[PDB]
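Chemist: First the structure, which I've put down as structure tokens, then a few questions once you've had a look.
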Amino acid sequence: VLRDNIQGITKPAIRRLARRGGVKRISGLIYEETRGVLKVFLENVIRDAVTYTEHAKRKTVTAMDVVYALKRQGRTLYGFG
Amino acid sequence: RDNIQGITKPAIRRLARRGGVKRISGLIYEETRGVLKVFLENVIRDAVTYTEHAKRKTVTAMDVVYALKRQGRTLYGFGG
Amino acid sequence: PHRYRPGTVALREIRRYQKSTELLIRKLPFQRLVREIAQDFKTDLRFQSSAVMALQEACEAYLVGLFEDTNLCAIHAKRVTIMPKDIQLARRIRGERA
Amino acid sequence: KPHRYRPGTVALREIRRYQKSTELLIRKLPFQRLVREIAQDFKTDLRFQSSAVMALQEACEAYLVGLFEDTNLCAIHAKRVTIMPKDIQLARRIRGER
Amino acid sequence: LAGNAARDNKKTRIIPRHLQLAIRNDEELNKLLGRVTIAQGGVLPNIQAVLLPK
Amino acid sequence: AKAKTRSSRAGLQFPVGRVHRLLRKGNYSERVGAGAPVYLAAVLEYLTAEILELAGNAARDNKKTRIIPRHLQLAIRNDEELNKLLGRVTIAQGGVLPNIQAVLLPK
Amino acid sequence: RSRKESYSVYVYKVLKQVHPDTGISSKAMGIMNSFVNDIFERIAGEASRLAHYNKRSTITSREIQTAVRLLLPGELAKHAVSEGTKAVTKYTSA
Amino acid sequence: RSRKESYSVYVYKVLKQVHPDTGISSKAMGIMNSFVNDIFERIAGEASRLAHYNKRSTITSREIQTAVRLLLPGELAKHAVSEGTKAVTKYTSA
DNA sequence: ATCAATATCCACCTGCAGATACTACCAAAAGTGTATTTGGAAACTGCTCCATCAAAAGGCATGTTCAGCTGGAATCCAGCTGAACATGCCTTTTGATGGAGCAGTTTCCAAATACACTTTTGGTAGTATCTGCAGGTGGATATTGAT
Numbered sequence: 022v023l024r025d026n027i028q029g030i031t032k033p034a035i036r037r038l039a040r041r042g043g044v045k046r047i048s049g050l051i052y053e054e055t056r057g058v059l060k061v062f063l064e065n066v067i068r069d070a071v072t073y074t075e076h077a078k079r080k081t082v083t084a085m086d087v088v089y090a091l092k093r094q095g096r097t098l099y100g101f102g
Numbered sequence: 024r025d026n027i028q029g030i031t032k033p034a035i036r037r038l039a040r041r042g043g044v045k046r047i048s049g050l051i052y053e054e055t056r057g058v059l060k061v062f063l064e065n066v067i068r069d070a071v072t073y074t075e076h077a078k079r080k081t082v083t084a085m086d087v088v089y090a091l092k093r094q095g096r097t098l099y100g101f102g103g
Numbered sequence: 039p040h041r042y043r044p045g046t047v048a049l050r051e052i053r054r055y056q057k058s059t060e061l062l063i064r065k066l067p068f069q070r071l072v073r074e075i076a077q078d079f080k081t082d083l084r085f086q087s088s089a090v091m092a093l094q095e096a097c098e099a100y101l102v103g104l105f106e107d108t109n110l111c112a113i114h115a116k117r118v119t120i121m122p123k124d125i126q127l128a129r130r131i132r133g134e135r136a
Numbered sequence: 038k039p040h041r042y043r044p045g046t047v048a049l050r051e052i053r054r055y056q057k058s059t060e061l062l063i064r065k066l067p068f069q070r071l072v073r074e075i076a077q078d079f080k081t082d083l084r085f086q087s088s089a090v091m092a093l094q095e096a097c098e099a100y101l102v103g104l105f106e107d108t109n110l111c112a113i114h115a116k117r118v119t120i121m122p123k124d125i126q127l128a129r130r131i132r133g134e135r
Numbered sequence: 066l067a068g069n070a071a072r073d074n075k076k077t078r079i080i081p082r083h084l085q086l087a088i089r090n091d092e093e094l095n096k097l098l099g100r101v102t103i104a105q106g107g108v109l110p111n112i113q114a115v116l117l118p119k
Numbered sequence: 013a014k015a016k017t018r019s020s021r022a023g024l025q026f027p028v029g030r031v032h033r034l035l036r037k038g039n040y041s042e043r044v045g046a047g048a049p050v051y052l053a054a055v056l057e058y059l060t061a062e063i064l065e066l067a068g069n070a071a072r073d074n075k076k077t078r079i080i081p082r083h084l085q086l087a088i089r090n091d092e093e094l095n096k097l098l099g100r101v102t103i104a105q106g107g108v109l110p111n112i113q114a115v116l117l118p119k
Numbered sequence: 032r033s034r035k036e037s038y039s040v041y042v043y044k045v046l047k048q049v050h051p052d053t054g055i056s057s058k059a060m061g062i063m064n065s066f067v068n069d070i071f072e073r074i075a076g077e078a079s080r081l082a083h084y085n086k087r088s089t090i091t092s093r094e095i096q097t098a099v100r101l102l103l104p105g106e107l108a109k110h111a112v113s114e115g116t117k118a119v120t121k122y123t124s125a
Numbered sequence: 032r033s034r035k036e037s038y039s040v041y042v043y044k045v046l047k048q049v050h051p052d053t054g055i056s057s058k059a060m061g062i063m064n065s066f067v068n069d070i071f072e073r074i075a076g077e078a079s080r081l082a083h084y085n086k087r088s089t090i091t092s093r094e095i096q097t098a099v100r101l102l103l104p105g106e107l108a109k110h111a112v113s114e115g116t117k118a119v120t121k122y123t124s125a
């Protein structure tokens, strides 16, 4: 099994994501906070995705399941079908 | 035709008190009048579209309910 | 003579109007406003009474929600007075301006 | 005696650099491990296509960038330039996510 | 839920206010019906702590 | 006899027959008129031509000859009505609009 | 081993019409396919709803016109309506 | 002679089940009708989408189950799934 | 106002992944032509609800005054974040392999559609009955706010 991978979202990566958003100065307490947010987001999508995958009696998650989950959460995504 | 001053200042202050606001600037009233007029014309445009599609002349409650539902603002109670 | 301090009647009104379910705008002015607005899209329209009632319910709900958001944006800046820039920030974040 | 930029210069330069580009900003492998860990918490013995994890990455990065923009707006509202967690919480509350 | 609210306010007959109080006070209902407006429902009594005196 | 297709009859580039079949099979109504596919094809072609003209102007502005997703994003986000039609979509490999708040600049 | 239909060649025709000598990548073409499918489903769903509200059993040009008006804003709605009307008259008069 | 069907009597039966001696106003009953219609359309639309994605032509109990799981959260999803399953087994075994 | 050190842009070049393209083909689809059926447009009409006055009556909005308290500007300071350097570690690219699971092919049979018939049954309309509650009145008290 695999455990404790949220730390693979390093501090420089979050700093870059903030630079693209126009942020100039970043508090030291942001990083931890941000990680939490991201996790929640993923858990809301993957769940939906998996719910589609088991409906078709498949065992592999395809890109169409991800696109359907994102669409049903109001986050339409162009490019993957 | 200032029917937008029909929304008096005490009325807006009541609406603010219901939202939990405790102090109100003096420039807030014109701002809320503008916001309300924008919202209203956005809804009434689609209500009138739904009406004239059915070749009617009377705007019905269901037309308003549909126009609201398409804005993402579902409304329960007038579905009759 | 007896005078309450500035802010006491404010919280009294807050509790009063949060305990209630009434409509807070007078009906005839709102009716006139709705008809005048609809005058530009098509002339000589008629309205049922329930149509204007639905429009009023929706508008009041919208404005009360906006005022809650504005109050949060005001408290964020360490104030108690709401100002137009708080409304603008709330609407900009909701996506209504953007 | 060695050359040093004043605080805030390299930050603006990096802002321009990373707003001019389109690459991804998170490493692929850590993100893939994270996605697999969450999925395993949902249903065991799953598999993934490559395009599925790529789609997840694009969507999550877009989400976080938009959140950081709203956070910057909330911070500037309070007469600051430093973003702090309370700004993230205000933005997520006004948006309607918490 | 609505009936419990109605019996809490010493009434015997449910009105839209009780439906609103039931919906807004439960997490999963409020999150299922987070984007609906109930006519004649009102709001939840709630004042920020910083606005109170003292 | 000689068979001219429907899109040529209407003076379009998009397929009318395919849109007719998609309207039938998609379970939208139990009958489908004759002018509905023509109308829908015309609207779709108009929208595509609009967005492609904007994207091509962007591409020729950055001294390039071939449109990439970045140009589509720059076209969409820079127009009011397109940005308000597509306000809730994410374009893969699109990036963002260059924009820095005025208070963050020096001096 | 089943075929996979798409709007690639029609988008390419439109591009060669509005920009005679510019090309397009493959990822941008996938974006354009996604766009066409999305807008098609939006319009068709709205027209189906309109037909259900009026207890009609047929989707006609008026349903498409009203769906276009309800979905697109201002400039876009006006020009799309004009384009579709011209197309339908050109089609019937032929 | 134009009628108007509604879920009033069924909502009243359910109320008399969970609260034997409490009544309900007319406006609250209109709210309840609106609620039932809204949730019905949500579930049915999601099940139709699910059936279209898998190139199936029939709406079965699995589509409804998956739509319920996709729409309701946590407690609600679990208990609704259990209730519907029990109903279907009770129905077929009779 | 000057100088000097850094980072960015642009002219030149090239290797190569990607767009353009036939050729084949090929299967799937779109168009033509009939015959049938049915949903929707036209005409009429009835009757219901919307617009327009009339018209008191009083509750709410408006303007004014006074004062208190809040928002904003100005200092001051400390701590916390940015910038830069050295180290190392772990992600990425390329290639190969096993093999598990997905997608196409064929059967066939259980289950859903389509009709005709019959029986409820739920919904409208009076018609009626009853009563939970909103409005009014009295009295206790909880709270505020100046002494």
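So the sequences go chain by chain: R, D, H, C, E, G, V and X.
Quick note on numbering: full-length UniProt numbering labels position 61 of the first sequence as 82, and the sequence is numbered without any gaps.
Quick note on numbering: full-length UniProt numbering labels position 54 of the second sequence as 77, and the sequence is numbered without any gaps.
Quick note on numbering: full-length UniProt numbering labels position 30 of the third sequence as 68, and the sequence is numbered without any gaps.
Quick note on numbering: full-length UniProt numbering labels position 10 of the fourth sequence as 47, and the sequence is numbered without any gaps.
Quick note on numbering: full-length UniProt numbering labels position 14 of the fifth sequence as 79, and the sequence is numbered without any gaps.
Quick note on numbering: full-length UniProt numbering labels position 79 of the sixth sequence as 91, and the sequence is numbered without any gaps.
Quick note on numbering: full-length UniProt numbering labels position 58 of the seventh sequence as 89, and the sequence is numbered without any gaps.
Quick note on numbering: full-length UniProt numbering labels position 35 of the eighth sequence as 66, and the sequence is numbered without any gaps.
Note that beta-carbon positions come from the ideal geometry of N, C-alpha and C, so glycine has one too.
Residues in the same chain with beta-carbon distance under 8 Å from residue 83 of chain V, minus the five sequence neighbours each way, listed in chain order, please.
Modeler: Once the five neighbours on either side are set aside, residue 83 of chain V has no close Cβ partner at all.
Chemist: Roughly how far, in whole angstroms, is the beta-carbon of residue 88 of chain X from the beta-carbon of residue 80 of chain E, given that I think they are within contact range, below 8 Å?
Modeler: Incorrect: roughly 46 Å between the Cβ atoms, too far for contact.
Chemist: My output table needs one value for residue 31 of chain G: the three-state DSSP class, helix, strand or coil.
Modeler: Looking at residue 31 of chain G - three-state DSSP - the assignment turns out to be helix.
Chemist: To the nearest angstrom, report how far apart residue 94 of chain G and residue 119 of chain G are at their CA atoms.
Modeler: Using only the alpha carbons, I get a separation of about 36 Å.
Chemist: With a cut-off of 8 Å, do at least 3 Cβ pairs link the region 47-63 of chain V to the region 58-75 of chain R?
Modeler: At 8 Å Cβ cutoff, the stretches do not touch.
Chemist: Within its chain, find whatever has a CB closer than 6 Å to the CB of residue 90 of chain G; leave out the 5 residues flanking it on each side and keep chain order.
Modeler: Cβ within range, chain order: n/a, list empty.
Chemist: Do you know offhand how far residue 100 of chain X's Cα is from residue 80 of chain C's?
Modeler: Residue 100 of chain X and residue 80 of chain C: Cα-Cα distance of roughly 15 Å.
Chemist: Any residues in the region 89-117 of chain E with a beta carbon nearer than 7 Å to a beta carbon of chain X? Which ones, in chain order?
Modeler: Of all residues in the region 89-117 of chain E, 93, 96, 97, 103 and 105 have a Cβ within less than 7 Å of some Cβ in chain X.
Chemist: How about the region 101-121 of chain H and the region 64-79 of chain H: do they share at least three Cβ pairs that are nearer than 8 Å?
Modeler: No, because fewer than three Cβ pairs between the region 101-121 of chain H and the region 64-79 of chain H fall closer than 8 Å, the two stretches do not touch.
Chemist: Skipping 5 residues on each side, what residues in its chain have a beta carbon closer than 7 Å to that of residue 73 of chain X?
Modeler: Cβ within range, chain order: 102.
Chemist: Quickly, what does DSSP pair residue 82 of chain R with across the bridge? List them, please.
Modeler: Partner(s): C:85.
Chemist: Starting from residue 52 of chain C, trace the alpha helix (DSSP H) both ways and give me its first and last residue.
Modeler: That run of the alpha helix (DSSP H) goes 46-56.
Chemist: Applying a beta-carbon distance threshold of less than 9 Å, which residues of chain X neighbour residue 84 of chain E?
Modeler: Simply 59, 62, 63 and 66.
Chemist: Is residue 79 of chain E helix, strand or coil when you go by DSSP?
Modeler: Residue 79 of chain E: strand per DSSP, three-state reduction.
Chemist: My understanding is that residue 103 of chain E touches residue 84 of chain E, with C-beta atoms under 8 Å, so please give their C-beta distance in whole angstroms.
Modeler: The pair is a contact, with the Cβ atoms about 6 Å apart (cut-off 8 Å).
Chemist: Kindly indicate the opening and closing residues of the beta strand (DSSP E) around residue 1 of chain G.
Modeler: Residue 1 of chain G is absent from the model: chain G starts at 13 and stops at 119.
Chemist: Please give the ranges of any alpha helix (DSSP H) in the region 74-116 of chain X, keeping only runs that are unbroken, at least 4 residues long and fully inside the region.
Modeler: Runs of the alpha helix (DSSP H) inside the region 74-116 of chain X: 92-102.
Chemist: Using the three-state DSSP reduction, which class does residue 131 of chain C fall into: helix, strand or coil?
Modeler: Note: residue 131 of chain C maps to helix in three-state DSSP.
Chemist: Helix, strand or coil: which one does DSSP assign to residue 118 of chain C?
Modeler: Residue 118 of chain C falls in the coil class under three-state DSSP.
Chemist: Report the option in G:92, G:51, G:44 and G:50 whose CA atom is closest to the CA atom of residue 66 of chain G.
Modeler: Minimum Cα distance to residue 66 of chain G is reached at G:92.
Chemist: Alpha carbon to alpha carbon, how far is residue 79 of chain R from residue 72 of chain R? Give it in angstroms, no decimals.
Modeler: Distance between the alpha carbons of residue 72 of chain R and residue 79 of chain R is about 11 Å.
Chemist: Any idea if residue 119 of chain V is buried or exposed, counting beta-carbon neighbours within 10 angstroms, 16 or more meaning buried?
Modeler: Residue 119 of chain V is buried by the Cβ-count criterion.
Chemist: Check whether the Cβ of residue 97 of chain D lies closer than 9 Å to any Cβ atom in chain X.
Modeler: So yes, residue 97 of chain D belongs to the interface.
Chemist: Taking CB distances under 9 Å as the criterion, tell me whether residue 136 of chain H reaches chain D.
Modeler: Cβ-Cβ to chain D under 9 Å: no for residue 136 of chain H.
Chemist: Does the CB of residue 29 of chain H have a neighbour CB from chain D at under 9 Å?
Modeler: The first residue shown for chain H is 39 and the last is 136, placing residue 29 of chain H beyond what the model contains.
Chemist: Going straight from the alpha carbon of residue 54 of chain C to that of residue 121 of chain H, what length do you get?
Modeler: Roughly 36 Å between the two C-alpha positions.
Chemist: Run down chain X in chain order and give the residues with a C-beta less than 7 Å from the C-beta of residue 77 of chain R.
Modeler: Ordered by position in chain X, the residues that pass the 7 Å Cβ test against residue 77 of chain R are 85.
Chemist: Identify the continuous beta strand (DSSP E) that holds residue 98 of chain D and give its terminal residues.
Modeler: Run containing residue 98 of chain D: 97-99, per the beta strand (DSSP E) assignment.
Chemist: Helix, strand or coil: how does DSSP classify residue 30 of chain R here?
Modeler: Note: residue 30 of chain R maps to coil in three-state DSSP.
Chemist: In angstroms with no decimal places, state the Cα-to-Cα distance between residue 62 of chain R and residue 113 of chain V.
Modeler: When rounded, the distance between both Cα atoms is 43 Å.
Chemist: On the three-state DSSP scale, how would you describe residue 43 of chain G?
Modeler: Three-state DSSP puts residue 43 of chain G in a strand.
Chemist: The alpha helix (DSSP H) with residue 42 of chain H in it runs from where to where?
Modeler: Counting along the chain, residue 42 of chain H falls outside any alpha helix (DSSP H), and DSSP gives it neither H nor E.
Chemist: Exposed or buried, what is residue 71 of chain X when buried is set at 16 or more other beta-carbons lying within 10 Å of its beta-carbon?
Modeler: With fewer than 16 other Cβ atoms within 10 Å, it is exposed.
Chemist: Taking C-alpha atoms, which residue in D:50, D:53, D:94 and D:49 lies nearest to residue 70 of chain D?
Modeler: Answer by Cα proximity: D:94.
Chemist: Please report the straight-line C-alpha distance between residue 60 of chain X and residue 87 of chain H, rounded to a whole angstrom.
Modeler: Approximately 20 Å between the Cα atoms of the pair.
Chemist: Measuring alpha carbon to alpha carbon, tell me which residue in G:88, G:21, G:16 and G:30 is nearest residue 41 of chain V.
Modeler: Answer by Cα proximity: G:30.
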